[PDB]
Amino acid sequence: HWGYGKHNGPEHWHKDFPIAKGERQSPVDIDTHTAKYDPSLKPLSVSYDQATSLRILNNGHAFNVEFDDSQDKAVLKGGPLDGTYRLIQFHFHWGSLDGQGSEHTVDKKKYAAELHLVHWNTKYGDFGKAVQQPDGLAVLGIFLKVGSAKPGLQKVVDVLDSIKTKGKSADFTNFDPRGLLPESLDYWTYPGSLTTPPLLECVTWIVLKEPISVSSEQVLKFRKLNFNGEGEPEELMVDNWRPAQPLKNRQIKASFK
Ligand SMILES: NCCCCNC(=O)c1ccc(S(N)(=O)=O)cc1
Ligand SMILES: [Hg+2]
Ligand SMILES: [Zn+2]
């Protein structure tokens, strides 16, 4: 099974998932001086007021907070998006050290972690159908830097103990995702893909310019999770990120200048 170890990491993925060497793979390095400011880009419209979190689960490679996507409860629209995208789940990618962890980089700079808010285009009926379309998903990427503690992240941090190993889950209702958003919504956008296998190229990436701050203690608890299942030898869940991929025939557009 794919992973992040020396023997099953990103460099091995192409063998089981040929698309790893595709034309629009993610993440990518964002060159701020080459990004094109596009005045036609509309502002982002994030409507998370009716968000309904359900559960938090350790899936062996990260922990996902799942949301009820049966109706337009938490949606994303505007920006470079055409149509409404529903929030289905959010996860993080982090490193073993504060100087690494993010998947996307800015001018080669790596952040301590990266939050991914995954959304699927509603015109496609369900997530399964969305992952078969070039415009099926929209992931909102947010960088995390170590500094002051993020209050809205604490409830997520406190529940990590119960989902220490792969396969474990815990009820996680009434969590407001808006507490994880930065002040500004300025972003960079480009067509890409999932950063983990199957690496499907169905994503319109929206990476926010402004990072959020989290405390050393908060990030530390992320590192206490396990890749392994209960009863198996312990493997600390750290460095679950993929290196930058070639931009190729793509242009990153900025909503700001
Ligand atoms: N068949 C589709 C795959 C099912 C499970 N994987 C996902 O849904 C998924 C979603 C977002 C990212 S990421 N990291 O790019 O936000 C990575 C993976
Ligand atoms: Hg696709
Ligand atoms: Zn991700």
Side-chain angles (χ1 to χ4, degrees), residues 10 24-32 35 38 41 43-48 51 61-65 67 74-81 85-95 99-121 130-131 135-146 150 152-153 156 177-196 199-214 219 222 239-247 250-256:
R24 48 177 285 192
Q25 286 291 290
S26 297
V28 298
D29 174 48
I30 298 173
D31 190 296
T32 61
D38 189 5
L41 286 174
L44 278 180
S45 186
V46 183
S47 301
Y48 290 171
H61 50 93
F63 62 87
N64 298 159
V65 173
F67 290 79
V75 297
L76 176 66
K77 62 173 67 70
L81 307 176
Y85 289 69
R86 286 187 189 158
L87 172 69
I88 181 175
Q89 58 102 330
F90 76 69
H91 55 274
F92 296 87
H93 294 272
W94 60 95
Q100 63 194 81
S102 64
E103 304 208 285
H104 283 91
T105 53
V106 181
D107 291 328
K108 297 293 191 298
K109 183 185 184 299
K110 297 183 169 72
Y111 286 80
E114 190 171 323
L115 166 60
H116 288 166
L117 295 148
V118 191
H119 310 72
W120 59 273
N121 196 327
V131 299
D135 58 345
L137 306 177
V139 186
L140 187 56
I142 301 172
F143 297 114
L144 277 67
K145 57 181 294 297
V146 175
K150 189 74 172 185
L153 181 67
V156 174
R178 293 176 300 187
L180 303 175
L181 297 182
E183 180 183 308
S184 180
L185 292 185
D186 286 333
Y187 62 91
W188 290 290
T189 189
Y190 76 99
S193 64
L194 299 180
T195 58
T196 59
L199 305 163
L200 305 179
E201 304 180 326
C202 326
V203 187
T204 287
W205 278 97
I206 304 178
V207 178
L208 299 181
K209 174 192 56 57
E210 181 185 322
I212 61 170
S213 305
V214 293
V219 189
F222 279 16
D239 293 320
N240 52 352
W241 51 276
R242 185 193 192 189
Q245 301 306 308
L247 191 57
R250 289 180 295 175
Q251 186 172 84
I252 300 177
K253 298 179 173 302
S255 69
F256 61 97

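Just so it is clear, the values below take in all heavy atoms, side chains as well, and ignore hydrogens, waters and symmetry mates. All residue numbers refer to positions in the sequence shown, counting from 1.
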*Asks:* Do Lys109 and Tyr111 form a cation-pi contact, if we require the NZ or CZ to be under 6.0 Å from the six-membered ring centre and within 45 degrees of the ring's axis?
*Replies:* yes
*Asks:* Carefully, step by step, assess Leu117 and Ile142 under the rule side chain to side chain contact (heavy atoms under 4.5 Å, CB included).
*Replies:* CA-CA 8 Å; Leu117 295 148; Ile142 301 172; 3.8 Å; yes
*Asks:* State whether the side chain of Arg24 and the backbone N or O of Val203 hold a donor-acceptor pair below 3.5 Å, judged by distance alone.
*Replies:* yes
*Asks:* May I have the step-by-step check of ring-ring contact (aromatic ring centres under 6.0 Å, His included) for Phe90 and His119, ending in yes or no?
*Replies:* CA-CA 9 Å; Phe90 76 69; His119 310 72; over 10 Å; no
*Asks:* Evaluate the side chain to side chain contact (heavy atoms under 4.5 Å, CB included) criterion for residues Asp38 and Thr189: first the C-alpha distance (whole Å), next the side-chain angles of each, then the deciding distance (0.1 Å), finally the verdict.
*Replies:* CA-CA 10 Å; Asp38 189 5; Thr189 189; over 6 Å; no
*Asks:* Between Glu210 (side chain) and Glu183 (backbone), is there a donor-acceptor pair under 3.5 Å?
*Replies:* yes
*Asks:* Within the 4.5 Å heavy-atom criterion, are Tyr48 and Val75 side-chain neighbours or not?
*Replies:* no
*Asks:* In Å and rounded to the nearest 0.5 Å, what is the CG to CD1 distance from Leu76 to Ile206?
*Replies:* 5.0 Å
*Asks:* Starting at NE2 of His91, measure out to OG1 of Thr196 and round the result to the nearest 0.5 Å.
*Replies:* 6.5 Å
*Asks:* Does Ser26 offer a backbone N or O that forms a donor-acceptor pair with the side chain of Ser193 under 3.5 Å?
*Replies:* yes
*Asks:* Taking the side chain as everything from C-beta on, heavy atoms only, tell me whether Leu144 gets closer than 4.5 Å to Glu114.
*Replies:* no
*Asks:* Is the shortest heavy-atom distance from the side chain of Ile252 to the side chain of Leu247 under 4.5 Å?
*Replies:* yes
*Asks:* Does the side chain of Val131 reach to within under 4.5 Å of the side chain of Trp120, using non-hydrogen atoms?
*Replies:* no
*Asks:* Does any non-hydrogen side-chain atom of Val118 lie less than 4.5 Å from one of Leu87?
*Replies:* no
*Asks:* Taking atom NZ of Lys77 and atom OH of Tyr85, what is their separation to the nearest 0.5 Å?
*Replies:* 12.0 Å
*Asks:* My understanding is that only residues two or more places apart in sequence, or in another chain, count here; which of them pass side chain to side chain donor-acceptor pair (under 3.5 Å) with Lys150?
*Replies:* none
*Asks:* What's the spacing between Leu81 CG and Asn121 CG if we round to 0.5 Å?
*Replies:* 8.0 Å
*Asks:* Mind checking the CG-CG spacing from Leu140 to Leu115? Nearest 0.5 Å is all I need.
*Replies:* 7.5 Å
*Asks:* Please name the residue in the list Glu103, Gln25, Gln245 that meets the side chain to side chain contact (heavy atoms under 4.5 Å, CB included) test with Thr195.
*Replies:* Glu103
*Asks:* By the definition side chain to side chain contact (heavy atoms under 4.5 Å, CB included), identify the one residue from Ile30, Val28, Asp29 that meets it with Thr105.
*Replies:* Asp29
*Asks:* To check you understand the geometry: which heavy-atom pair defines the closest contact between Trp241 and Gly95, and what is its length?
*Replies:* NE1-CA, 4.2 Å
*Asks:* Should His61 and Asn240 count as side-chain neighbours, where that means a heavy-atom distance under 4.5 Å?
*Replies:* no
*Asks:* So, does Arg242 use its side chain to make a donor-acceptor pair with the main chain of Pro27 at under 3.5 Å?
*Replies:* no
*Asks:* Among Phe92, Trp94, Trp205, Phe143, which one satisfies ring pair (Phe, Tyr, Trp, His ring centres under 6.0 Å) with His116?
*Replies:* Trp205
*Asks:* Looking at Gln100 and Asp239, would you say the former's side chain and the latter's main chain have a donor-acceptor pair under 3.5 Å?
*Replies:* no
*Asks:* Does any part of the side chain of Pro182, heavy atoms only, come nearer than 4.5 Å to the side chain of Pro211, both counted from C-beta?
*Replies:* no
*Asks:* Just wondering, do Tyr187 and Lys209 contact through their side chains at under 4.5 Å, heavy atoms?
*Replies:* no
*Asks:* Quick one: pull up CG in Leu185 and OG in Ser255 and give me the separation to the nearest 0.5 Å.
*Replies:* 8.5 Å
